[PDB]
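The UniProt record's numbering puts the first residue of the sequence shown at 1, with every later residue one more than the last. The beta-carbon is built from N, C-alpha and C at its ideal position, and this holds for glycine as well.
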Amino acid sequence: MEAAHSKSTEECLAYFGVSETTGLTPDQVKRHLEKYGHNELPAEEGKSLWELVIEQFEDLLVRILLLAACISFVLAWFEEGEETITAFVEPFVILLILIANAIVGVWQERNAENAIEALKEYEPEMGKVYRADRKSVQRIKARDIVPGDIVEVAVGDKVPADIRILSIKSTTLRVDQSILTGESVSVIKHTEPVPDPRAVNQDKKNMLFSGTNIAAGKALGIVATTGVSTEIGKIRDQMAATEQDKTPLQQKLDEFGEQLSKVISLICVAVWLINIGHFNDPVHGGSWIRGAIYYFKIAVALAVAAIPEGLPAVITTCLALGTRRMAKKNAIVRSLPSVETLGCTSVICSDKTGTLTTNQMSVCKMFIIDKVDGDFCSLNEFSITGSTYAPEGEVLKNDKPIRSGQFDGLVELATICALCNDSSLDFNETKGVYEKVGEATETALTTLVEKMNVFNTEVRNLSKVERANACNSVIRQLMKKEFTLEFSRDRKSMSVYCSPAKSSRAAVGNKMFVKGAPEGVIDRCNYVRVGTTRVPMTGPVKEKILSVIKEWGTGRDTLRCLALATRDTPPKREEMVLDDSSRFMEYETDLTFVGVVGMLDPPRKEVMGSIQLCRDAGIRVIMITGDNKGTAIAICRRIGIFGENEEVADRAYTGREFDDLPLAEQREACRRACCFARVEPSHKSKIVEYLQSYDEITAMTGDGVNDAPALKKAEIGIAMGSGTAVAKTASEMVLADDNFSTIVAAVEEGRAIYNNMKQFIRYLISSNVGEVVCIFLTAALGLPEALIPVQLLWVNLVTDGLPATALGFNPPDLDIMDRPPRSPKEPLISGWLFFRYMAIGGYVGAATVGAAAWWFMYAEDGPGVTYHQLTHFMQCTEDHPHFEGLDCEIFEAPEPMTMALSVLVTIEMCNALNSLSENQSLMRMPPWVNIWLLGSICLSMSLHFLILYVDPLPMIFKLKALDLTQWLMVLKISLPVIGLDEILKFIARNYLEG
Ligand SMILES: C/C=C(/C)C(=O)O[C@H]1C(C)=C2[C@H]([C@@H]1OC(=O)CCCCCCC)[C@@](C)(OC(C)=O)C[C@H](OC(=O)CCC)[C@@]1(O)[C@H]2OC(=O)[C@@]1(C)O
Ligand SMILES: Nc1ncnc2c1ncn2[C@@H]1O[C@H](COP(=O)(O)OP(=O)(O)CP(=O)(O)O)[C@@H](O)[C@H]1O
Ligand SMILES: [Mg+2]
Ligand code: NA
């Protein structure tokens with residue numbers, strides 16, 4: 001599979017040893033097929049549900065829960081039947097929870113979509129070849145196409161492989177290579193070789209790329225490469241080779257579990273030690289077996305107590321909402337987890353024209369040579385109005401409107417803009433707007449024509465659907481467009497050969513109209529036109545021409561300049577080979593300068609401002625365009641990337657410059673650069689690598705398969721709403737409106753979503769900290785179970801869930817975009833915050849245990865050993881006549897449990913309020929700042945009473961409380977929390993960080 005673009009048509013045929021008129025022989029096919037394999041991309045890897053669930057159960061916590069569920073399930077079968085009945089609820093609930101998550105991962109992933117899978121939508125099922133075993137073309141499955149056999153394609157055919165073109169049967173071959181780039185503008189292909197072996201696809205003018213479509217023509221080619229070796233094929237490899245890290249929250253979360261696990265086992269260790277006496281005092285007795293059940297059933301309590309079971313749901317319900325939210329702001333986010341990382345974007349690389357600008361061109365300045373005499377030179381600058389492609393505006397000289405016709409040089413400038421253009425205008429009725437037909441910079445040139453109808457032809461007496469191509473059409477009737485030498489990046493220009501209409505303008509007859517980048521065309525001009533006369537180009541006139549060119553493109557105008565010229569006596573037709581592009585530059589020489597035109601691709605209104613917020617936000621911004629660097633810089637200044645007088649030398653690079661650099665300085669340039677002029681194929685992927693070495697969260701934009709690898713490697717690939725489907729599938733976010741401003745807005749909701757997200761996480765996680773202390777003490781003391789897994793569970797999923805997801809709606813700080821982007825390594829809980837929940841938790845742990853124990857001691861509804869003998873409640877039915885003297889089952893009393901729980905519940909609806917703000921007291925940040933937070937608390941409270949007052953729930957979750965004494969007890973136990981926190985919160989004034 002050679003690199004055919006540089007080799008001749010004969011070279012490639014010889015290489016594979018194939019006959020153009022015969023094709024590969026059955027042997028050749030067999031051989032080639034074995035060596036290069038089948039012409040397709042490797043199959044997809046969508047591992048089964050079994051492999052899914054297995055992963056849905058690969059989390060260290062989900063495991064710990066599974067184990068716990070088992071122990072509970074095992075215990076749920078160990079005691080006499082009837083009275084126990086509910087002891088199948090504990091294991092059943094846990095499992096549901098787990099199972100439910102497993103049910104999520106399955107439906108979750110199953111509806112996803114690999115960007116690689118999308119590529120296969122580009123593989124045509126069939127192709128057409130010429131093989132030795134027949135004379136007429138064979139229509140075989142693309143899959144079986146091989147390097148070396150002759151392929152034939154025509155209009156509408158999807159190119160089956162990377163084909164070197166041998167001969168074009170039609171009069172012209174045009175191809176839509178958009179799926180690579182996105183530009184729908186078909187491209188003309190040729191047959192002669194392309195010298196440079198390191199040429200970028202865009203210049204492989206004799207090549208057909210697997211995946212592209214044939215816009216016009218029919219051609220014959222020899223397959224150069226196939227499968228994974230094809231251009232789109234190389235890309236698939238890059239995209240598969242690329243690995244993407246976990247969201248920093250997912251990182252921090254996994255870490256939490258990695259530690260949550262060690263502590264748990266550590267506790268077990270400690271507990272075992274606190275009750276190590278059972279080795280030197282327990283005389284072999286019967287009850288010495290009902291003790292293991294204690295440790296086991298307390299282990300499951302320890303487990304559901306340590307895990308934030310509801311957290312997963314709170315987070316996704318939060319992100320999903322934030323998602324639908326960002327959507328209204330035109331930011332389509334794919335993959336919820338991205339919302340976070342988006343909030344942390346350090347750098348944003350944005351393509352210019354589509355998103356930073358509008359891609360709505362319009363000529364603002366023209367200029368023709370007015371006078372050349374000696375060193376004395378005089379131009380004829382003009383100005384034009386009208387931003388739309390709408391034929392509405394006027395040409396002015398010194399702000400004074402003018403009749404274009406009164407100028408000769410202009411009538412020409414006009415003819416050229418009209419003839420050497422493959423675009424047109426069109427007026428639609430649906431939305432009564434004038435729409436661009438061809439390419440933006442051309443469709444503009446036509447607009448320039450209408451607005452300056454040189455001949456003064458009557459148009460106002462015409463409808464809109466004709467007013468569009470009125471003056472343009474007239475010019476097309478004074479000259480005949482024989483053929484056109486298309487544009488190519490070598491000569492950076494284009495011409496059209498023309499002959500007049502007999503006896504109407506046959507003065508000189510055949511003319512050649514060329515437009516293109518100034519530098520090239522001007523050098524190729526030996527004469528300048530001054531009206532109807534011509535004069536030899538001279539040093540001064542040239543200098544003047546250029547100077548105004550640099551002003552217009554370098555100055556504040558930031559305009560794209562097209563030099564315009566004609567070849568007065570073009571070569572004779574018979575002397576031109578119109579099918580091999582290299583000779584075009586030669587055919588476009590000895591030209592006569594007839595004037596340049598400047599156009600503008602206006603920055604988007606909101607851009608100027610958005611660029612600013614990023615500055616406030618400490619988010620660097622990098623422009624990636626196709627403009628010559630000079631103009632690149634100018635534009636960067638016009639929008640604020642750079643300061644009108646800021647030094648940029650070291651901050652702007654052209655793709656070529658960047659290449660001449662060694663990996664070293666190449667990385668430097670990246671941490672400092674803000675502008676990249678003419679970026680070649682791989683630059684986006686490299687720049688993203690460097691920005692990553694400096695640990696920067698970067699955002700790239702792009703829309704073709706060409707950019708998929710970069711969009712995949714970037715932390716947040718950003719696709720255009722109007723871009724390709726492969727780009728979209730490669731990106732985490734899609735800009736419905738293609739607007740840069742949408743990116744920034746998004747970054748913002750990001751930062752907001754996370755801030756709230758950060759608190760409800762802290763809220764839940766801390767509770768779990770305290771729940772555990774309860775379970776620890778309950779065991780360390782030997783005291784009867786203060787809280788049960790089932791209760792805990794309900795709490796962590798429901799009672800605490802609702803206020804958690806309500807905190808999700810906390811109002812946004814006001815300086816969110818004035819603070820630098822959050823460091824990914826920034827932990828959720830540390831230092832003094834660790835200390836606080838360190839305390840709060842400890843508090844709820846004592847408050848919860850004490851409360852339940854209280855009902856046992858000092859309570860007027862079932863008193864107990866105020867001497868702390870309850871500690872041996874295990875020993876009751878044994879030595880009943882010991883110190884008991886009462887019912888040996890009060891230890892299984894429901895009230896004492898509904899006590900410690902109602903005290904937790906409240907302590908949580910309380911701690912939930914302490915979480916509205918990390919450091920601001922409630923007298924500063926009152927609870928009514930989040931009506932939802934209050935509304936939810938009510939919903940949890942009534943829900944709490946639902947498990948007490950109902951009748952079936954009571955059996956599983958105990959019997960109710962007395963409201964005046966039992967409940968008030970609860971309050972004087974919980975309510976104090978708010979104080980404890982406000983106290984530790986106030987400690988923020990004794991420190992220096994606010
Ligand atoms: C959740 C419940 C419990 C009981 C737990 O063990 O959490 C520890 C733990 C694993 C961490 C700690 C917990 O440490 C303790 O509570 C001290 C142990 C004493 C209790 C035993 C009684 C004898 C977190 C919870 O709490 C405080 C306030 O100290 C804060 C933070 O967690 C987060 O930022 C949450 C990340 C989602 C982590 O230090 C975290 O370790 C990390 O790597 C982090 C960065 O994750
Ligand atoms: N249709 C056309 N024919 C001839 N020259 C053209 C042209 N459109 C533009 N030019 C001139 O040729 C030079 C380059 O054209 P090229 O096609 O590489 O530009 P481009 O800026 O449109 C790339 P990008 O689409 O990435 O912005 C331009 O800078 C301009 O001066
Ligand atoms: Mg162009
Ligand atoms: Na990505």
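Restricting to runs no shorter than 4 residues, where is the alpha helix (DSSP H) found entirely within the region 467-552?
The region 467-552 contains these whole alpha helix (DSSP H) runs: 470-475 and 518-523.
Opposite residue 447 in the DSSP bridges: which residues?
Mapped onto the sequence shown, residue 447 falls at position 447. Looking at the DSSP assignment, residue 447 forms no beta bridge with any residue, so it has no partner.
Anyone know if the C-beta pair for residue 688 and residue 727 falls short of 9 Å?
By one-based count along the sequence shown, residue 688 stands at place 688. By one-based count along the sequence shown, residue 727 stands at place 727. At least 9 Å separates the beta-carbon of residue 688 from that of residue 727.
Cβ of residue 911 within 8 Å of any heavy atom in ligand 2?
Position 911 of the sequence shown, counted from the start, is the residue given in the question as residue 911. Residue side-chain check: residue 911 keeps its Cβ at 8 Å or more from all non-hydrogen atoms of ligand 2.
Can you list, in chain order, the residues of its chain whose CB lies under 8 Å from that of residue 970, leaving out five sequence neighbours each side?
Position 970 of the sequence shown, counted from the start, is the residue given in the question as residue 970. Hits under 8 Å: 851, 899, 902, 903, 906 and 961.
So, at 7 Å on beta carbons, what are the nonlocal neighbours of residue 327 in its own chain, with the 5 sequence-adjacent residues on each side left out?
Here the question's residue 327 lines up with position 327 in the sequence shown. Within the same chain, residue 327 has no close Cβ partners at all.
Does at least one heavy atom of ligand 2 sit under 8 Å from the Cβ of residue 585?
Your numbering for residue 585 matches position 585 in the sequence shown. Remark: the shortest separation between the CB of residue 585 and any heavy atom of ligand 2 does not fall under 8 Å.
Which class does residue 367 belong to by DSSP, given the choice of helix, strand or coil?
Walking along the sequence shown from the start, residue 367 turns up at place 367. Strand, per DSSP.
Is it the case that the CB of residue 441 approaches a heavy atom of ligand 5 more closely than 8 Å?
In terms of ligand content, the structure shown lacks ligand 5 and carries ligand 1, ligand 2, ligand 3 and ligand 4 instead.
Should residue 477 go down as buried or exposed, given a rule of 16 or more other Cβ atoms within 10 Å for buried?
Within the sequence shown, residue 477 is the residue found at index 477, counting from 1. With fewer than 16 other Cβ atoms within 10 Å, it is exposed.
For residue 385, is the classification buried or exposed, using 16 other Cβ atoms within 10 angstroms of its Cβ as the cut-off for buried?
For this step, residue 385 is matched to residue 385 along the sequence shown. Per the 10 Å Cβ criterion, exposed.
Neighbour-count burial assignment, residue 290, 16 or more Cβ in a 10 Å radius:
Within the sequence shown, residue 290 is the residue found at index 290, counting from 1. With fewer than 16 other beta carbons inside 10 angstroms of its own, residue 290 counts as exposed.
DSSP three-state assignment for residue 463, whether helix, strand or coil
Within the sequence shown, the letter at position 463 stands for residue 463. It is coil, neither helix nor strand.
Tell me the residue span of the alpha helix (DSSP H) that contains residue 321.
Your numbering for residue 321 matches position 321 in the sequence shown. Start and end: 311-328.
Alpha carbon to alpha carbon, how far is residue 493 from residue 618? Give it in angstroms, no decimals.
For the purposes of this step, residue 618 is taken as residue 618 along the sequence shown, with counting starting at 1. For the purposes of this step, residue 493 is taken as residue 493 along the sequence shown, with counting starting at 1. About 41 Å.
Which whole-angstrom value describes the C-beta separation of residue 513 and residue 416, a residue pair presumed to lie in contact below a C-beta threshold of 8 Å?
Residue numbering aside, residue 513 sits at position 513 when the sequence shown is read from its first letter. Residue numbering aside, residue 416 sits at position 416 when the sequence shown is read from its first letter. Taking 8 Å as the upper bound for CB-CB distance, residue 513 and residue 416 are in contact here, some 4 Å apart.
DSSP bridge partner residues for residue 598 (one or two, in chain order)
Residue 598 sits at position 598 when you count from the first residue of the sequence shown. Paired residue(s): 365 and 561.
Is it the case that the Cβ atoms of residue 475 and residue 418 are separated by a distance below 9 Å?
Your numbering for residue 475 matches position 475 in the sequence shown. Your numbering for residue 418 matches position 418 in the sequence shown. Yes; because the gap between Cβ atoms is below 9 Å, this pair is in contact.
Less than 8 Å between the CB of residue 79 and some heavy atom of ligand 4, yes or no?
Counted from its first residue, the sequence shown places residue 79 at position 79. Checking every heavy atom of ligand 4 against the Cβ of residue 79, none is found closer than 8 Å.
Could you check how far apart the C-beta atoms of residue 676 and residue 704 are, in whole angstroms? I think they sit under 8 Å.
Along the sequence shown, read from residue 1 onward, the residue named residue 676 stands at position 676. Along the sequence shown, read from residue 1 onward, the residue named residue 704 stands at position 704. Not confirmed; about 17 Å, so no contact.
For residue 53 versus residue 102, is the C-beta distance shorter than 9 Å?
Taking the first residue of the sequence shown as 1, we reach residue 53 at position 53. Taking the first residue of the sequence shown as 1, we reach residue 102 at position 102. Yes, the Cβ-Cβ distance between residue 53 and residue 102 is below 9 Å.
Between the Cα of residue 533 and the Cα atoms of 284, 412 and 267, which residue gives the shortest distance?
Working through the sequence shown from its first residue, we reach residue 533 at position 533. Nearest option by C-alpha distance: 412.
What are the complete alpha helix (DSSP H) segments, minimum 4 residues, inside the region 650-691?
Counting only runs that start and end inside the region 650-691, the alpha helix (DSSP H) elements of at least 4 residues fall at 655-660 and 663-672.
Local Cβ density within 10 Å of residue 968, reported as buried at 16 or more and exposed below that
To locate residue 968, count along the sequence shown from 1; it is residue 968. Answer is exposed; the Cβ neighbour count stays below 16.
Starting from residue 698, trace the beta strand (DSSP E) both ways and give me its first and last residue.
Here residue 698 is taken as the residue at index 698 of the sequence shown, counted from 1. Where residue 698 is concerned, the enclosing beta strand (DSSP E) stretches over 698-701.
Output yes or no for whether 9 Å exceeds the beta carbon distance between residue 125 and residue 143.
In the sequence shown, the residue the question calls residue 125 occupies position 125. In the sequence shown, the residue the question calls residue 143 occupies position 143. In this structure, residue 125 lies near residue 143, with their beta-carbon atoms less than 9 Å apart.
Report the rounded CA-to-CA distance for residue 392 versus residue 735, giving the unit in angstroms.
Position 392 of the sequence shown holds residue 392. Position 735 of the sequence shown holds residue 735. Straight through space, the alpha carbons of residue 735 and residue 392 are spaced by roughly 31 Å.
Which residue from 168, 149 and 155 puts its Cα closest to that of residue 161?
Taking the first residue of the sequence shown as position 1, residue 161 is located at position 161. Relative to residue 161, the option among 168, 149 and 155 whose CA is nearest is 149.
Given that a residue counts as buried once 16 or more other Cβ atoms are within 10 Å of its Cβ, and exposed if not, what is residue 866?
As a first step, residue 866 must be located in the sequence shown, where it is residue number 866. Counting Cβ neighbours within 10 Å, residue 866 comes out exposed, since fewer than 16 surround it.
How long is the line joining the alpha carbons of residue 781 and residue 871, rounded to whole angstroms?
Sequence index remark: in the sequence shown, residue 781 carries index 781 (1-based). Sequence index remark: in the sequence shown, residue 871 carries index 871 (1-based). The straight-line gap from Cα to Cα measures roughly 7 Å.
Let me make sure I understand the geometry here. Which of 232, 28, 276 and 217 has the alpha-carbon closest to that of residue 706?
Translated into positions along the sequence shown, residue 706 becomes position 706. Ranked by how close their Cα comes to the Cα of residue 706, the residues 232, 28, 276 and 217 have 232 in first place.
Terminal residues of the alpha helix (DSSP H) in which residue 616 lies:
Here residue 616 corresponds to residue number 616 of the sequence shown, with the count starting at 1. Its alpha helix (DSSP H) spans residues 607-617.
For residue 547, which of 459, 356, 56 and 522 has the nearest alpha-carbon?
As a position in the sequence shown, residue 547 is number 547, starting the count at 1. Minimum Cα distance to residue 547 is reached at 522.
Residue 638: first and last residue of the uninterrupted alpha helix (DSSP H) it sits in:
Residue mapping note: residue 638 aligns to position 638 of the sequence shown, counting from 1. Residue 638 -> alpha helix (DSSP H) spans 629-639.
Below 8 Å, can you find three or more Cβ-Cβ pairs linking the region 927-934 to the region 887-898?
Counting C-beta pairs with one atom in each stretch, the region 927-934 and the region 887-898 have fewer than three that are closer than 8 Å, which means they do not touch.
Residues near residue 267 by beta carbon distance below 8 Å, same chain, minus five either side:
Against the sequence shown, residue 267 aligns to sequence position 267. Residues of the same chain with a CB within less than 8 Å of the CB of residue 267, apart from the 5 flanking positions on each side, are 302, 772 and 776 in chain order.
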